[PDB]
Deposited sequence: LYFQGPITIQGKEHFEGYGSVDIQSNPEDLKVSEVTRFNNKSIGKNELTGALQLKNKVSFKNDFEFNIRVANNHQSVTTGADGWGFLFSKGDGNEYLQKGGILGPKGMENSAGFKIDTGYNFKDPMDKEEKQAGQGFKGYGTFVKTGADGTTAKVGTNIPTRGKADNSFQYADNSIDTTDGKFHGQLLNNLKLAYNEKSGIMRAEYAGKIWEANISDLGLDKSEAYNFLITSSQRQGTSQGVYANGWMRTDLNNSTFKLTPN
């Protein structure tokens, strides 16, 4: 008798791309062989948007751990990309293209995930709560859920080393040696970990930690969800490499039980 156990997969062949997603070979600044690039290819729309949909549905009956290497654009919070949305949903890549994800005020309904927010959108009440308005590289991370009507809301919390919870961090810098600590314009690991026993999804990035319960995210233990890596950018605000959000899927790892 045969039962599907955990798998660990790596590489872009396990994802289908949607919208503004393309390949960049041997990017000189990132020092790896290939990245998947968001917000470069045109899609005939002012709002560039793109998604990588994992071809396997993710079973929440079992643990998973995603280690996703991402690099952020070296660009102002008012010029660059909206950010990264790591998204779980019954919807698919085509629905995301039409309704959005978790990086703005509204998105695909009944979905949830973790966002690295790198852009200031005056229409998003979350960007105002986080004092995102600025001209540098200050962004924030948080788990996010959309309701039945599509509205995004914060879920869970930062787990600070000391003091008060804080979502903010610098998503890029003008460091002056980029070897050692966190420099968000380089490839850095985002760990997305889920423990089916505790019901907790944990995100680790930029030396910070966030947690949310799947009950508060609106995900059910017994369901299986599509997993999407997304980014978007509003054009016309900037310019070479403008808005580029890149991930190295060849050295990213995804451990899960497919379903």
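Going by the record, the unmodelled stretches of the deposited sequence, in order, are 176, 240 to 241.
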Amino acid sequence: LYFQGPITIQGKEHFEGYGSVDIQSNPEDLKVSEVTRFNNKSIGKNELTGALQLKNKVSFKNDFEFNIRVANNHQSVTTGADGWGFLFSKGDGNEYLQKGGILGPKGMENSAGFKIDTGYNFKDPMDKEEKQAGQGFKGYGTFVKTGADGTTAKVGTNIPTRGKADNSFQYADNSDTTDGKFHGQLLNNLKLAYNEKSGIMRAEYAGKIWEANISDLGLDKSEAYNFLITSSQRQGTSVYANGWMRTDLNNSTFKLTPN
From here on, numbers count along this sequence of modelled residues.
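For the two regions 190 to 198 and 32 to 40, the entry's Cα B-factors average higher over 32 to 40. In this entry, the higher average B-factor at the C-alpha atoms falls on 216 to 224, of the pair 62 to 70 and 216 to 224. Ranking 185, 168, 157, 178 by Cα temperature factor from the entry places 178 first. The entry lists a Cα temperature factor for residue 118 that places it in the lowest third of the chain's modelled residues. In the deposited entry, the Cα temperature factor of residue 234 sits in the middle third of values across the chain's modelled residues. Sort the modelled residues of the chain by CA B factor and residue 83 lands in the lowest third. Remark: residue 45 belongs to the highest third of its chain, ranked by C-alpha B-factor as recorded. Residue-level temperature factors show residue 152 in the middle third of its chain, judged at the C-alpha atom.
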